Every structure is written in structure tokens, then in C-alpha cells.
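For reference, structure_0.cif (mmCIF, N, CA, C and O atoms):
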data_my_file
loop_
_atom_site.label_atom_id
_atom_site.label_comp_id
_atom_site.auth_asym_id
_atom_site.auth_seq_id
_atom_site.Cartn_x
_atom_site.Cartn_y
_atom_site.Cartn_z
N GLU A 1 -76.32 194.92 -50.17
CA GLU A 1 -74.91 195.05 -49.81
C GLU A 1 -74.21 193.72 -50.07
O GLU A 1 -74.69 192.68 -49.63
N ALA A 2 -73.09 193.76 -50.80
CA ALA A 2 -72.25 192.58 -50.98
C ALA A 2 -70.78 192.92 -50.77
O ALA A 2 -70.29 193.94 -51.26
N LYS A 3 -70.08 192.06 -50.02
CA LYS A 3 -68.71 192.30 -49.60
C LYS A 3 -67.87 191.05 -49.86
O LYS A 3 -68.32 189.93 -49.61
N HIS A 4 -66.65 191.25 -50.37
CA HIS A 4 -65.61 190.22 -50.40
C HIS A 4 -64.32 190.87 -49.90
O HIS A 4 -63.67 191.62 -50.64
N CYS A 5 -63.95 190.61 -48.65
CA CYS A 5 -62.80 191.25 -48.02
C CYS A 5 -61.91 190.18 -47.40
O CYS A 5 -62.37 189.40 -46.56
N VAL A 6 -60.64 190.16 -47.80
CA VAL A 6 -59.71 189.06 -47.57
C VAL A 6 -58.35 189.63 -47.17
O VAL A 6 -57.86 190.57 -47.80
N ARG A 7 -57.75 189.05 -46.13
CA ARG A 7 -56.40 189.41 -45.69
C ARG A 7 -55.51 188.17 -45.66
O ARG A 7 -55.83 187.19 -44.98
N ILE A 8 -54.40 188.22 -46.40
CA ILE A 8 -53.42 187.14 -46.48
C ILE A 8 -52.10 187.64 -45.91
O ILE A 8 -51.73 188.81 -46.11
N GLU A 9 -51.38 186.76 -45.21
CA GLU A 9 -50.02 187.05 -44.77
C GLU A 9 -49.17 185.78 -44.86
O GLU A 9 -49.67 184.67 -44.74
N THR A 10 -47.87 185.98 -45.08
CA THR A 10 -46.91 184.89 -45.21
C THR A 10 -45.53 185.40 -44.81
O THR A 10 -45.10 186.46 -45.28
N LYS A 11 -44.85 184.66 -43.95
CA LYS A 11 -43.40 184.77 -43.77
C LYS A 11 -42.74 183.43 -44.03
O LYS A 11 -43.29 182.37 -43.67
N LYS A 12 -41.57 183.47 -44.66
CA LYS A 12 -40.74 182.29 -44.89
C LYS A 12 -39.29 182.63 -44.59
O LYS A 12 -38.83 183.73 -44.91
N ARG A 13 -38.59 181.69 -43.97
CA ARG A 13 -37.23 181.92 -43.50
C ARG A 13 -36.37 180.70 -43.79
O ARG A 13 -36.82 179.56 -43.63
N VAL A 14 -35.14 180.94 -44.23
CA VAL A 14 -34.27 179.89 -44.75
C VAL A 14 -32.87 180.07 -44.18
O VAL A 14 -32.26 181.13 -44.31
N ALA A 15 -31.61 183.90 -44.58
CA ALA A 15 -32.44 184.81 -45.35
C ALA A 15 -33.89 184.76 -44.87
O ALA A 15 -34.32 183.77 -44.29
N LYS A 16 -34.62 185.85 -45.11
CA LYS A 16 -36.05 185.89 -44.82
C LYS A 16 -36.77 186.61 -45.95
O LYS A 16 -36.22 187.53 -46.57
N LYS A 17 -38.00 186.18 -46.22
CA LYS A 17 -38.89 186.86 -47.15
C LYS A 17 -40.30 186.88 -46.56
O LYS A 17 -40.70 185.94 -45.87
N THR A 18 -41.03 187.97 -46.80
CA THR A 18 -42.39 188.08 -46.31
C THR A 18 -43.26 188.79 -47.34
O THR A 18 -42.78 189.62 -48.12
N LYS A 19 -44.55 188.44 -47.33
CA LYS A 19 -45.56 189.15 -48.10
C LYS A 19 -46.82 189.28 -47.26
O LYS A 19 -47.17 188.37 -46.50
N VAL A 20 -47.49 190.43 -47.35
CA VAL A 20 -48.79 190.63 -46.72
C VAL A 20 -49.66 191.46 -47.65
O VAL A 20 -49.20 192.45 -48.22
N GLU A 21 -50.92 191.05 -47.82
CA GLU A 21 -51.85 191.75 -48.69
C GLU A 21 -53.23 191.78 -48.06
O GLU A 21 -53.64 190.85 -47.36
N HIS A 22 -53.95 192.87 -48.31
CA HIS A 22 -55.36 193.00 -47.96
C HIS A 22 -56.13 193.53 -49.16
O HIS A 22 -55.73 194.53 -49.76
N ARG A 23 -57.23 192.86 -49.51
CA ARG A 23 -58.15 193.33 -50.53
C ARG A 23 -59.55 193.37 -49.94
O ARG A 23 -59.88 192.53 -49.11
N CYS A 24 -60.35 194.37 -50.30
CA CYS A 24 -61.75 194.39 -49.88
C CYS A 24 -62.57 195.06 -50.98
O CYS A 24 -62.64 196.29 -51.04
N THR A 25 -63.17 194.24 -51.83
CA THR A 25 -64.08 194.70 -52.87
C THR A 25 -65.53 194.64 -52.39
O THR A 25 -65.92 193.71 -51.68
N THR A 26 -66.31 195.66 -52.74
CA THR A 26 -67.64 195.81 -52.18
C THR A 26 -68.57 196.43 -53.22
O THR A 26 -68.13 197.21 -54.07
N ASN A 27 -69.85 196.07 -53.13
CA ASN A 27 -70.91 196.72 -53.88
C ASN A 27 -72.05 197.06 -52.94
O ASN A 27 -72.33 196.35 -51.97
N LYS A 28 -72.73 198.17 -53.25
CA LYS A 28 -74.05 198.48 -52.70
C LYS A 28 -74.96 198.95 -53.83
O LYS A 28 -74.54 199.74 -54.68
N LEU A 29 -76.20 198.48 -53.83
CA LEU A 29 -77.19 198.92 -54.81
C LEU A 29 -78.51 199.23 -54.12
O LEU A 29 -78.88 198.57 -53.15
N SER A 30 -79.21 200.24 -54.63
CA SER A 30 -80.60 200.50 -54.24
C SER A 30 -81.42 200.83 -55.48
O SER A 30 -80.95 201.54 -56.37
N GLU A 31 -82.65 200.31 -55.52
CA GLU A 31 -83.67 200.75 -56.46
C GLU A 31 -84.95 201.14 -55.72
O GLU A 31 -85.36 200.44 -54.79
N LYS A 32 -85.56 202.25 -56.13
CA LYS A 32 -86.91 202.61 -55.73
C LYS A 32 -87.82 202.73 -56.95
O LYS A 32 -87.50 203.46 -57.89
N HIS A 33 -88.93 202.00 -56.93
CA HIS A 33 -89.92 201.94 -58.00
C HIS A 33 -91.23 202.53 -57.49
O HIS A 33 -92.13 201.80 -57.06
N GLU A 34 -91.33 203.86 -57.47
CA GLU A 34 -92.57 204.53 -57.11
C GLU A 34 -93.38 204.83 -58.36
O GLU A 34 -92.84 205.27 -59.38
N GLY A 35 -94.69 204.58 -58.29
CA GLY A 35 -95.56 204.86 -59.43
C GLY A 35 -97.01 204.98 -59.03
O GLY A 35 -97.45 204.42 -58.02
N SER A 36 -97.77 205.70 -59.86
CA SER A 36 -99.20 205.86 -59.68
C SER A 36 -99.88 205.91 -61.04
O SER A 36 -99.29 206.35 -62.03
N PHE A 37 -101.14 205.45 -61.08
CA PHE A 37 -101.96 205.57 -62.29
C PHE A 37 -103.43 205.67 -61.88
O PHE A 37 -104.03 204.67 -61.51
N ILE A 38 -103.99 206.88 -61.95
CA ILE A 38 -105.42 207.07 -61.73
C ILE A 38 -106.11 207.30 -63.07
O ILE A 38 -105.55 207.92 -63.98
N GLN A 39 -107.34 206.78 -63.19
CA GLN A 39 -108.13 206.89 -64.40
C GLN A 39 -109.60 207.08 -64.01
O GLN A 39 -110.00 206.72 -62.90
N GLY A 40 -110.39 207.60 -64.93
CA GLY A 40 -111.83 207.67 -64.70
C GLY A 40 -112.57 208.13 -65.93
O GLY A 40 -111.99 208.60 -66.91
N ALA A 41 -113.90 207.99 -65.86
CA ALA A 41 -114.79 208.50 -66.89
C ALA A 41 -116.13 208.84 -66.28
O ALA A 41 -116.50 208.34 -65.22
N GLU A 42 -116.86 209.74 -66.94
CA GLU A 42 -118.27 210.00 -66.62
C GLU A 42 -119.05 210.14 -67.91
O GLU A 42 -118.76 211.04 -68.71
N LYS A 43 -120.04 209.28 -68.13
CA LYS A 43 -121.18 209.63 -68.98
C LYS A 43 -122.27 210.33 -68.18
O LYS A 43 -122.55 209.98 -67.04
N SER A 44 -122.89 211.33 -68.81
CA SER A 44 -124.22 211.79 -68.41
C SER A 44 -125.08 212.00 -69.65
O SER A 44 -124.61 212.53 -70.66
N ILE A 45 -126.34 211.59 -69.56
CA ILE A 45 -127.31 211.77 -70.64
C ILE A 45 -128.63 212.18 -70.01
O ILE A 45 -129.09 211.53 -69.07
N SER A 46 -129.25 213.24 -70.51
CA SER A 46 -130.51 213.69 -69.96
C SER A 46 -131.46 214.06 -71.08
O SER A 46 -131.04 214.58 -72.12
N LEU A 47 -132.74 213.78 -70.87
CA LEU A 47 -133.78 214.13 -71.81
C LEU A 47 -134.97 214.67 -71.04
O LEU A 47 -135.40 214.07 -70.05
N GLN B 1 -110.27 214.26 -72.14
CA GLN B 1 -111.21 214.52 -73.22
C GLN B 1 -112.56 214.87 -72.61
O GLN B 1 -113.00 214.23 -71.65
N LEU B 2 -113.22 215.88 -73.17
CA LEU B 2 -114.62 216.16 -72.89
C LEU B 2 -115.36 216.29 -74.22
O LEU B 2 -114.90 217.00 -75.12
N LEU B 3 -116.51 215.63 -74.31
CA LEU B 3 -117.55 215.96 -75.29
C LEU B 3 -118.83 216.40 -74.61
O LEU B 3 -119.31 215.73 -73.70
N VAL B 4 -119.39 217.51 -75.06
CA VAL B 4 -120.75 217.89 -74.73
C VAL B 4 -121.55 218.00 -76.01
O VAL B 4 -121.07 218.58 -76.99
N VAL B 5 -122.75 217.44 -76.02
CA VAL B 5 -123.65 217.63 -77.14
C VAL B 5 -125.05 217.89 -76.61
O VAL B 5 -125.53 217.20 -75.72
N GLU B 6 -125.72 218.89 -77.19
CA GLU B 6 -126.89 219.47 -76.56
C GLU B 6 -127.84 219.93 -77.65
O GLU B 6 -127.41 220.50 -78.66
N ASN B 7 -129.13 219.76 -77.39
CA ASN B 7 -130.17 220.36 -78.21
C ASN B 7 -131.24 220.92 -77.30
O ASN B 7 -131.56 220.33 -76.27
N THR B 8 -131.80 222.05 -77.70
CA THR B 8 -133.09 222.49 -77.20
C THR B 8 -134.02 222.68 -78.39
O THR B 8 -133.60 223.14 -79.45
N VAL B 9 -135.28 222.31 -78.21
CA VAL B 9 -136.28 222.42 -79.26
C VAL B 9 -137.41 223.23 -78.67
O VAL B 9 -137.91 222.91 -77.58
N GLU B 10 -137.86 224.23 -79.43
CA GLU B 10 -138.77 225.27 -78.98
C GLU B 10 -140.03 225.29 -79.80
O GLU B 10 -141.08 225.70 -79.30
N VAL B 11 -139.93 224.88 -81.05
CA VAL B 11 -141.08 224.59 -81.88
C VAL B 11 -141.06 223.09 -82.05
O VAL B 11 -140.19 222.54 -82.74
N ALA B 12 -142.02 222.42 -81.43
CA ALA B 12 -142.04 220.96 -81.47
C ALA B 12 -142.16 220.50 -82.90
O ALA B 12 -141.47 219.57 -83.33
N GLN B 13 -143.06 221.13 -83.64
CA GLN B 13 -143.13 220.94 -85.07
C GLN B 13 -143.66 222.20 -85.71
O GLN B 13 -144.33 223.03 -85.08
N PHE B 14 -143.31 222.35 -86.97
CA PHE B 14 -144.13 223.07 -87.92
C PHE B 14 -144.38 222.06 -89.03
O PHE B 14 -143.50 221.27 -89.37
N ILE B 15 -145.58 222.09 -89.59
CA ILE B 15 -145.89 221.35 -90.80
C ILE B 15 -146.44 222.35 -91.79
O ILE B 15 -147.51 222.93 -91.56
N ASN B 16 -145.70 222.56 -92.87
CA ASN B 16 -146.16 223.31 -94.02
C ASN B 16 -147.22 222.52 -94.77
O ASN B 16 -147.18 221.28 -94.80
N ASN B 17 -148.16 223.22 -95.38
CA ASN B 17 -149.14 222.52 -96.18
C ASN B 17 -148.46 221.82 -97.36
O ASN B 17 -147.27 222.00 -97.62
N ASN B 18 -149.24 221.01 -98.07
CA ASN B 18 -148.76 220.40 -99.29
C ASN B 18 -148.70 221.42 -100.43
O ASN B 18 -149.29 222.50 -100.34
N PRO B 19 -148.00 221.09 -101.51
CA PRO B 19 -147.74 222.09 -102.56
C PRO B 19 -148.99 222.74 -103.15
O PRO B 19 -148.88 223.85 -103.68
N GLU B 20 -150.15 222.09 -103.09
CA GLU B 20 -151.36 222.72 -103.60
C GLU B 20 -151.67 224.02 -102.87
O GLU B 20 -152.05 225.02 -103.49
N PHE B 21 -151.51 224.03 -101.55
CA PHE B 21 -151.94 225.15 -100.71
C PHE B 21 -150.79 226.03 -100.23
O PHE B 21 -151.05 227.02 -99.53
N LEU B 22 -149.55 225.71 -100.57
CA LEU B 22 -148.44 226.62 -100.32
C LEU B 22 -148.50 227.83 -101.24
O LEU B 22 -148.70 227.69 -102.45
N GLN B 23 -148.32 229.02 -100.67
CA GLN B 23 -148.19 230.25 -101.43
C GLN B 23 -146.72 230.53 -101.67
O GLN B 23 -145.92 230.55 -100.73
N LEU B 24 -146.35 230.73 -102.93
CA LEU B 24 -144.96 231.02 -103.26
C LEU B 24 -144.58 232.44 -102.86
O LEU B 24 -145.41 233.35 -102.85
N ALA B 25 -143.30 232.62 -102.53
CA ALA B 25 -142.74 233.96 -102.40
C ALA B 25 -142.70 234.64 -103.76
O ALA B 25 -142.40 234.01 -104.78
N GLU B 26 -143.01 235.94 -103.78
CA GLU B 26 -143.05 236.65 -105.05
C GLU B 26 -141.72 236.58 -105.80
O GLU B 26 -141.75 236.40 -107.03
N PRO B 27 -140.56 236.76 -105.17
CA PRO B 27 -139.31 236.70 -105.94
C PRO B 27 -139.05 235.33 -106.56
O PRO B 27 -138.68 235.25 -107.73
N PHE B 28 -139.24 234.26 -105.79
CA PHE B 28 -139.08 232.91 -106.32
C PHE B 28 -140.02 232.65 -107.49
O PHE B 28 -139.61 232.11 -108.52
N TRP B 29 -141.30 232.99 -107.33
CA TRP B 29 -142.26 232.89 -108.42
C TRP B 29 -141.84 233.70 -109.64
O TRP B 29 -141.91 233.22 -110.77
N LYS B 30 -141.44 234.96 -109.44
CA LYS B 30 -140.96 235.80 -110.52
C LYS B 30 -139.75 235.20 -111.23
O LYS B 30 -139.56 235.42 -112.43
N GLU B 31 -138.93 234.45 -110.50
CA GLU B 31 -137.81 233.74 -111.12
C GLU B 31 -138.30 232.55 -111.94
O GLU B 31 -137.86 232.34 -113.07
N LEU B 32 -139.20 231.75 -111.37
CA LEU B 32 -139.81 230.67 -112.13
C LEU B 32 -140.44 231.18 -113.42
O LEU B 32 -140.38 230.51 -114.46
N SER B 33 -141.04 232.36 -113.38
CA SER B 33 -141.62 232.97 -114.57
C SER B 33 -140.61 233.14 -115.70
O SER B 33 -140.97 233.02 -116.87
N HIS B 34 -139.35 233.41 -115.37
CA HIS B 34 -138.31 233.63 -116.38
C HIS B 34 -137.53 232.37 -116.73
O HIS B 34 -136.67 232.44 -117.62
N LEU B 35 -137.77 231.25 -116.08
CA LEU B 35 -137.14 230.02 -116.52
C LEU B 35 -137.50 229.77 -117.98
O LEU B 35 -138.63 230.01 -118.40
N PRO B 36 -136.54 229.29 -118.79
CA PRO B 36 -136.67 229.38 -120.25
C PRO B 36 -137.71 228.47 -120.87
O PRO B 36 -137.88 228.52 -122.10
N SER B 37 -138.40 227.63 -120.11
CA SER B 37 -139.38 226.69 -120.66
C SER B 37 -138.75 225.68 -121.60
O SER B 37 -139.43 225.07 -122.42
N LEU B 38 -137.44 225.49 -121.48
CA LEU B 38 -136.69 224.53 -122.26
C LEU B 38 -135.50 224.13 -121.40
O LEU B 38 -135.10 224.86 -120.49
N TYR B 39 -134.94 222.95 -121.67
CA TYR B 39 -133.82 222.51 -120.85
C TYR B 39 -132.55 223.28 -121.15
O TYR B 39 -131.63 222.77 -121.79
N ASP B 40 -132.51 224.54 -120.70
CA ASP B 40 -131.29 225.35 -120.64
C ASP B 40 -130.81 225.27 -119.19
O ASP B 40 -131.17 226.09 -118.34
N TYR B 41 -129.96 224.28 -118.92
CA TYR B 41 -129.49 224.02 -117.57
C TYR B 41 -128.86 225.24 -116.90
O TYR B 41 -128.85 225.33 -115.67
N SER B 42 -128.30 226.16 -117.67
CA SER B 42 -127.72 227.37 -117.09
C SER B 42 -128.71 228.14 -116.22
O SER B 42 -128.33 228.65 -115.15
N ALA B 43 -129.97 228.24 -116.63
CA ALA B 43 -130.99 228.93 -115.83
C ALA B 43 -131.34 228.14 -114.58
O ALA B 43 -131.37 228.68 -113.46
N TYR B 44 -131.66 226.86 -114.75
CA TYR B 44 -132.09 226.04 -113.63
C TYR B 44 -130.99 225.93 -112.58
O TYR B 44 -131.28 225.89 -111.38
N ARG B 45 -129.74 225.78 -113.00
CA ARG B 45 -128.62 225.83 -112.06
C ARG B 45 -128.60 227.12 -111.24
O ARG B 45 -128.31 227.09 -110.04
N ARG B 46 -128.94 228.26 -111.84
CA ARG B 46 -129.07 229.49 -111.05
C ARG B 46 -130.20 229.39 -110.03
O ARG B 46 -130.05 229.81 -108.88
N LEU B 47 -131.34 228.85 -110.45
CA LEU B 47 -132.44 228.67 -109.50
C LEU B 47 -132.04 227.75 -108.35
O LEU B 47 -132.31 228.05 -107.18
N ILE B 48 -131.41 226.61 -108.66
CA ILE B 48 -130.99 225.69 -107.61
C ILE B 48 -129.92 226.30 -106.71
O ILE B 48 -129.87 226.02 -105.51
N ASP B 49 -129.06 227.14 -107.27
CA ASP B 49 -128.05 227.85 -106.49
C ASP B 49 -128.67 228.83 -105.51
O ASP B 49 -128.34 228.84 -104.32
N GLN B 50 -129.59 229.67 -106.00
CA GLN B 50 -130.26 230.63 -105.13
C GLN B 50 -131.15 229.96 -104.10
O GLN B 50 -131.19 230.39 -102.94
#
Can I see the file as C-alpha cells?
Amino acid sequence: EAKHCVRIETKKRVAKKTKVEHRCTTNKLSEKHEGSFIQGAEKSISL
Amino acid sequence: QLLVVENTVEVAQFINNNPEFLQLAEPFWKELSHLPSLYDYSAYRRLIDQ
């Protein structure tokens, strides 16, 4: 999980002006690596 | 993969006598009788084929 979430606000007065913004960018990632490998051999020799 | 390889042996050996004491089969002998007594390969090739 990764998050970048930011809130900015500003008022200025002289007349008045204001700005307010919120951004929140986010990622989530998952990986699953399941695996199997079975092997075998049999010799038989009879006389 | 599977490999199986198998033998059974029931006559441990036979040993035929040497050529002096072997008796020929009548047909084979009768064929030898007609071989041309000269190198005519056409006849001998028939014998080797049969």
C-alpha cells in the first residue's frame, strides 16, 4: 500500500480571494507466486 | 516415460552339428541340384532370397 494525500488551503484579503484543494493519489499491489515441481524415476532390473 | 524390456529363454541352447553331419532339407538340396554350376548370379540370388 502506498499513499500520497495532501490538503492545501489559502485565504487572502486586501476584496477577498480563497483557494482550497485536496488530492489523494494511492496505489495497492499484490502478487502471489504459488508453484510446485515433483519429479521421480524408477529403475528395476531382474535376472 | 516408461520402457519395459523383457526376455524369457526356454531352450538354453541348441547346437546344430557341423556341416559334415547336417542333413539337408530335400527342397533346399533339390534347389542346389539345379544351381547352374557356373556364376549365373540370377540363380544364386534366388537361392539367397529363399
As a ChimeraX atom specification, could you give me every residue of chain A near chain B (at most 8 Å apart, counting only N, CA, C and O atoms)?
/A:40-47
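Straight-line separation from atom C of residue 20 of chain B to atom C of residue 32 of chain B: 17.0 Å.
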Could you give me the residues within chain B that DSSP places in helix (DSSP H, G or I), as a list in words?
residues 26, 27, 28, 29, 30, 31, 32, 33, 34, 41, 42, 43, 44, 45, 46, 47, 48 and 49 of chain B
Take the residues that were just selected and, keeping N, CA, C and O atoms, output them as a CSV table (one decimal), in the coordinates of the input.
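Written out: again16.csv:
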chain,number,residue,atom,x,y,z
B,26,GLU,N,-143.0,235.9,-103.8
B,26,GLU,CA,-143.0,236.6,-105.0
B,26,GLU,C,-141.7,236.6,-105.8
B,26,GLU,O,-141.8,236.4,-107.0
B,27,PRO,N,-140.6,236.8,-105.2
B,27,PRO,CA,-139.3,236.7,-105.9
B,27,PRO,C,-139.0,235.3,-106.6
B,27,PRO,O,-138.7,235.2,-107.7
B,28,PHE,N,-139.2,234.3,-105.8
B,28,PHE,CA,-139.1,232.9,-106.3
B,28,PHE,C,-140.0,232.6,-107.5
B,28,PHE,O,-139.6,232.1,-108.5
B,29,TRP,N,-141.3,233.0,-107.3
B,29,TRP,CA,-142.3,232.9,-108.4
B,29,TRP,C,-141.8,233.7,-109.6
B,29,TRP,O,-141.9,233.2,-110.8
B,30,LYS,N,-141.4,235.0,-109.4
B,30,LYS,CA,-141.0,235.8,-110.5
B,30,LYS,C,-139.8,235.2,-111.2
B,30,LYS,O,-139.6,235.4,-112.4
B,31,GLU,N,-138.9,234.4,-110.5
B,31,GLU,CA,-137.8,233.7,-111.1
B,31,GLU,C,-138.3,232.6,-111.9
B,31,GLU,O,-137.9,232.3,-113.1
B,32,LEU,N,-139.2,231.8,-111.4
B,32,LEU,CA,-139.8,230.7,-112.1
B,32,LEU,C,-140.4,231.2,-113.4
B,32,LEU,O,-140.4,230.5,-114.5
B,33,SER,N,-141.0,232.4,-113.4
B,33,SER,CA,-141.6,233.0,-114.6
B,33,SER,C,-140.6,233.1,-115.7
B,33,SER,O,-141.0,233.0,-116.9
B,34,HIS,N,-139.4,233.4,-115.4
B,34,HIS,CA,-138.3,233.6,-116.4
B,34,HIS,C,-137.5,232.4,-116.7
B,34,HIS,O,-136.7,232.4,-117.6
B,41,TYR,N,-130.0,224.3,-118.9
B,41,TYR,CA,-129.5,224.0,-117.6
B,41,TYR,C,-128.9,225.2,-116.9
B,41,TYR,O,-128.8,225.3,-115.7
B,42,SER,N,-128.3,226.2,-117.7
B,42,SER,CA,-127.7,227.4,-117.1
B,42,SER,C,-128.7,228.1,-116.2
B,42,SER,O,-128.3,228.6,-115.2
B,43,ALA,N,-130.0,228.2,-116.6
B,43,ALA,CA,-131.0,228.9,-115.8
B,43,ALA,C,-131.3,228.1,-114.6
B,43,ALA,O,-131.4,228.7,-113.5
B,44,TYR,N,-131.7,226.9,-114.8
B,44,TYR,CA,-132.1,226.0,-113.6
B,44,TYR,C,-131.0,225.9,-112.6
B,44,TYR,O,-131.3,225.9,-111.4
B,45,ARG,N,-129.7,225.8,-113.0
B,45,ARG,CA,-128.6,225.8,-112.1
B,45,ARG,C,-128.6,227.1,-111.2
B,45,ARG,O,-128.3,227.1,-110.0
B,46,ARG,N,-128.9,228.3,-111.8
B,46,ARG,CA,-129.1,229.5,-111.0
B,46,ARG,C,-130.2,229.4,-110.0
B,46,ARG,O,-130.0,229.8,-108.9
B,47,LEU,N,-131.3,228.8,-110.4
B,47,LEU,CA,-132.4,228.7,-109.5
B,47,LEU,C,-132.0,227.8,-108.4
B,47,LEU,O,-132.3,228.0,-107.2
B,48,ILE,N,-131.4,226.6,-108.7
B,48,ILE,CA,-131.0,225.7,-107.6
B,48,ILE,C,-129.9,226.3,-106.7
B,48,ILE,O,-129.9,226.0,-105.5
B,49,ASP,N,-129.1,227.1,-107.3
B,49,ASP,CA,-128.0,227.8,-106.5
B,49,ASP,C,-128.7,228.8,-105.5
B,49,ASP,O,-128.3,228.8,-104.3
Quick one: pull the distance between atom N of residue 15 of chain B and atom N of residue 33 of chain B, Å, one decimal.
26.3 Å
Given the file above and the PyMOL selection byres ((chain A and resi 19-28) around 5), which residues are selected, and can you give them as an MDAnalysis selection string?
chainID A and resid 1:10 17:18 29:30
In Å, with one decimal, what is the gap from atom N of residue 22 of chain B to atom O of residue 45 of chain B?
23.3 Å
